[PDB]
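1. this one's structure only:
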Ligand SMILES: Cc1ccnc(SC(F)(F)c2nc3ccccc3o2)n1
Ligand SMILES: [Ca+2]
């Protein structure tokens, strides 16, 4: 009753090499937290010091658990994932229940600490290499690899699936209408129970886990409260030439996306070559057009479906005064979902919160995270994003230094 | 000697065999040298004679290299290197002296024959096999293999470094307040002990180093009072760049001008004010390396302004981790910027300059921010924390812009400092249409085949105009229409465009550009009292926008 278990053979993608990502410069306090965390991890047999014959790297970050309560170590396996993950989610994928988004309440439980139980395939360990940097490059820097399944990594939940099925089976049998979805270090638990009682069911579920390696796990999402109804058409919007012109542009564009946008009664009213600030010699058949048009904007884009074989991508615009608009689409403007996030300070604080919130929606909705287009300077995001990150995954990100009049439409 | 250190397992690249390169024939001289040298080597354990049982060979040769009229032995490891696994790192960052904490004493220790002092793997030695050749390849060569790290082998820098780090750990653990920096062959050792006891401690280190195979052939702790390293001169208590004689000529080749700029660029990390744009201007359209470029008047000013700053030496101080860092930035020149970082007022740890590029069109508030951002990264690397900034920008100037601007931003805590010139907004676009201002439906059109363009406008006041244009894209005829509106408009004006593109540029309130049509527009924009810019979509037959198209695309397309 005390030794290790037996390991699943793991292959990197067909003739692909491991990650050789540059570690990003980090703050002193974070370095400190990082060697302190890793000292334990090493003593607990989880990581070992590696030598120079391992050319691989994967960046590492430390984040605060809530705020100043503890430091967590976060590993960025985005690259390792890409080089493992055309071929997984296939040979050993985990299906996504459509029912999850339809549940009144979904609770996110971090079951990451479980993975630290199962040993990682000897010949795969070298790829999990990471480096604790030193300040000013004064010291070569502490290097490690993993011995057990690492938390950043998409292979972990894939391997662990079997244990999760057994662990979870009694519970599911006893509540066949609870929807439990595993995505990386978290379980998503969904149910149509009332809120307390939902929570009691979460607690009960927590005990099933606790018997197996999860050190008292973990939220609350109410998916059927996630709303579309965006692209707004003003109300005292039927006054000026400038109002109408703007309105027409808003519709002109919407008719790219949305089958049915009328706009013609509206192109009239303008008729002449007027000063921008003139109030209007029409407002009749057009107001009906406006009505109709508005009502098609409440509802889903008719033409557009989620294609599981395509990257979800997400745009975000800064609306100012703490508001942010966002779109999830697979091809530009065929929007799967559109939304808002508001804090009514910072800018990057709010953005990282936006991204996080969006990722979670995307996960509960489609079982993928989006590729984010971020309206910020790369350098600035790199410097600052870990300061507010709280999640255990990291989605891919581009930076989009442009925004059209796209900000306005939204 | 050879270190008792545990060897680093090394393997060839997947599915690849060791090198089997045929040894070319050498001159007698060179053979004799090779035999002599190898003997010494064989004697010291470095090398080992081997059978023809071993396949594999990597060519050897010999010459007078580093004026080596005692003869140096070379091994062409190209083939083995292509066949050896990548290793970690190689090395990939160096310290900046401004991060060093002040010491009473530092000394250099050069490791003896570092590479040759570290054992090679053993399961790998076989591949390092080489062959001293017979006089006229008539008879079998002498075959050796390496037992230590060879000179040009892919992994020798990484393994040596690795080996040295391990070796150093117990001594670092027993002496937690001594600072050791490993750089190639050298160790720099820094302490706050009194001259005598510091010398004791080096000797201990030397002793620890000898226990591990590594001679420091420097007895009595060699060095010399000012350390010269990676272009710096380092002292226990201050630091600087090392030379920087700027020659005195009437004629500068392109080459001379490059060297000169590199040098000034180097100096500028400790000499505040260094400036090189006029010197860089001379470099445009590289006109051959060997060719003389008459210094412009603007350049001669700079070169002298520079000699001025390098008149007397300046030294950076070192870092007290108990105090805050402060970063001061100053606008200086056009897209140019300069900065000082310091802790006690004006004892610069270091200095720098920034002269950006982050787009075709930009403005001062943007560029000051990108500079702030570059310094922020630089600070985290060097000192592991962020500096408190002092900035030539009003708090309200910055808040106005950034709360308005669509991209997001954040900078560390900062204060306004009145170091003229200040950053301001030369113009504010209006947020709403202007009552009683002439509305100018501007429009463009180009043929894209002939390149023939018409840019004009129509107004609500009935005013119209279309002027013809020639080598233009659809895009310039947008920017020309808008500019045409700004010339013929009063101080206040509304402008309707249908150019996503043109609206994009102007909305970002630029104050500078790599387009000439644009610097013009910005001139107009500054002079105006109120400009409102609105966007309608192309050829949707809109009131006002329709009519400009009837007479823009007539001669357009
Ligand atoms: C010269 C000086 C001044 C203050 N502290 C130090 S510490 C050091 F010697 F380890 C050290 N020597 C170095 C040489 C180059 C780069 C970093 C160094 O650190 N050194
Ligand atoms: Ca146009």
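-> Received the coordinates, thanks. Numbers count the residues shown, from 1 in each chain, chains lettered A, B, ... in the order given. Ligands and ions are numbered 1, 2, ... in the order given.

2. secondary structure element for the residue nearest in space to the middle of chain A?
-> In chain A, the centroid-proximal residue (CA atoms, centre = their mean) is residue A:359; its distance is 2.0 Å. Taking DSSP states H and E as the criterion, residue A:359 maps to helix A:348-366.

3. And chain B, is that helix touching that?
-> Yes - Helix A:348-366 reaches chain B (CB under 8 Å from any CB of the partner chain) through A:348-351. In this view, the C-beta of every residue, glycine as well, is placed from N, C-alpha and C.

4. Give me the helices and strands touching that helix, please.
-> strand A:186-191, strand A:313-320, strand A:323-329, strand A:335-342, strand A:371-374, helix A:378-384 (3 or more CB pairs under 8 Å, 6 or more residues apart in numbering or on different chains; DSSP states H and E).

5. my guess is residue A:152 meets residue A:72, correct?
-> No - using CB atoms under 8 Å, residue A:152 is not in contact with residue A:72, being 11.5 Å away.

6. Not counting sequence-adjacent ones, nearest residue to residue 382?
-> Here I'm looking at chain A. Nearest residue to residue A:382, sequence neighbours excluded (CB to CB, 6 or more residues apart in numbering or on different chains): residue A:24, at 6.5 Å.

7. ah, I was thinking of chain B
-> Per CB to CB, 6+ apart, closest to residue B:382 is residue B:99, 4.5 Å.

8. hang on, the earlier thing: same list, the helices and strands packed on helix A:348-366, but as CSV with mean neighbour count and distance to residue B:423 please.
-> CSV is the format used below for the helices and strands packed on helix A:348-366 (neighbours: other CB atoms under 10 Å in any protein chain shown; distance: least, CB to CB, whole Å):
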stretch, mean neighbour count, distance to residue B:423
strand A:186-191, 23, 45
strand A:313-320, 21, 21
strand A:323-329, 21, 27
strand A:335-342, 19, 30
strand A:371-374, 20, 25
helix A:378-384, 19, 18
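
9. and residue B:151, how far is that from chain A?
-> 18 Å (CB to the nearest CB, to the nearest Å).

10. For residue B:106, what are phi and psi?
-> Phi and psi for residue B:106, reported as degrees, to the nearest 10, are phi -140, psi 140.

11. if I read this right, it contacts residue B:190, doesn't it?
-> Yes - contact status for residue B:106 versus residue B:190: in contact at 4.2 Å, counting by CB under 8 Å.

12. intersection of neighbour lists for those two?
-> residue B:236 (CB atoms under 8 Å, 6 or more residues apart in numbering or on different chains).

13. for the nearest residue to residue B:528 once chain neighbours are set aside, what are its contacts?
-> Nearest in space to residue B:528, with sequence neighbours left out and distances taken as CB to CB, 6+ apart, is residue B:491 at 5.7 Å. Applying CB under 8 Å, 6+ apart, we find residue B:491 in contact with B:527-530.

14. One more: residue A:20?
-> With contacts defined as CB under 8 Å, 6+ apart, the neighbours of residue A:20 are A:55-57, B:86.

15. go with 10 Å
-> A:55-58, A:79, A:129, B:86, B:88 (CB atoms under 10 Å, 6 or more residues apart in numbering or on different chains).

16. Repeat that for residue B:381.
-> Applying CB under 10 Å, 6+ apart, we find residue B:381 in contact with A:24-26, A:133, A:135-137, B:93, B:95-96, B:99.

17. Residue A:42 now?
-> A:35, A:48-49, A:142, A:144, A:147.

18. and what of residue A:332?
-> Contacts for residue A:332 (CB under 10 Å, 6+ apart) come out as A:256-257, A:313, A:315.

19. Most widely separated two among those residues?
-> A:256 and A:313 (16.8 Å; CB to CB).

20. how near is the residue nearest to residue B:528 to residue B:361?
-> 24 Å (CB to CB, to the nearest Å).

21. and if you look at residue B:506?
-> The gap separating residue B:506 from residue B:361 is 9 Å, by CB to CB.

22. Now the common contact residues for these two.
-> Common neighbours of residue B:506 and residue B:361 (criterion: CB under 10 Å, 6+ apart): B:518, B:521-522.

23. among those, who's most crowded?
-> Highest neighbour count within those: residue B:521, with 25 neighbours (other CB atoms under 10 Å in any protein chain shown).

24. which SSE is it in?
-> Secondary structure from DSSP H and E places residue B:521 in helix B:516-527.

25. again with residue B:378
-> Counting by DSSP H and E, residue B:378 is part of helix B:364-383.

26. what element comes up after that helix heading to the C-terminus?
-> Next helix or strand after helix B:364-383 toward the C-terminus (DSSP H and E): strand B:388-391.

27. Parallel or antiparallel, list what pairs with that following strand.
-> strand B:326-331 (parallel), strand B:414-416 (parallel) (DSSP bridges).

28. The ones you listed: which one's closest to ligand 1?
-> Between ligand 1 and the strands paired with strand B:388-391, the shortest gap by CB to the nearest ligand atom is with strand B:326-331, which sits at 20.7 Å.

29. What about whichever residue of the stretch 201-350 of chain A sits closest to chain B, how many residues nearby?
-> Per CB to the nearest CB, the residue of the stretch 201-350 of chain A with the smallest distance to chain B is residue A:270, at 2.9 Å. Per other CB under 10 Å, the neighbour tally for residue A:270 reads 22.

30. Up against ligand 2, what does the stretch 351-500 of chain B have?
-> Residues of the stretch 351-500 of chain B lying close to ligand 2 by CB under 5 Å from the ion are B:443-444, B:498.

31. rewinding a little: how near is the residue nearest to residue A:382 to residue A:57?
-> Using CB to CB, residue A:24 is found at 11 Å from residue A:57.

32. Now do the same contact list for the closest residue to ligand 2 within the stretch 201-350 of chain B.
-> As assessed by CB to the ion, ligand 2 sits closest to residue B:335 within the stretch 201-350 of chain B, at 30.4 Å. By CB under 10 Å, 6+ apart, the contact list for residue B:335 reads B:277, B:354-358, B:362, B:364, B:367, B:512.

33. Kindly recompute the last result at 7 Å.
-> By CB atoms under 7 Å, 6 or more residues apart in numbering or on different chains, the contact set of residue B:335 is B:355-356, B:367, B:512.

34. residue boundaries of the helices in the chain?
-> Looking at chain A here, since you left the chain open. Here chain A has its helices, by DSSP state H, at A:28-43, A:78-82, A:155-174, A:195-210, A:241-257, A:264-267, A:285-298, A:348-366, A:378-384, A:406-409.

35. nope, chain B
-> Using DSSP H, helices in chain B cover B:28-44, B:78-82, B:156-174, B:195-211, B:254-267, B:277-281, B:297-309, B:364-383, B:395-404, B:476-487, B:500-507, B:516-527, B:545-550.
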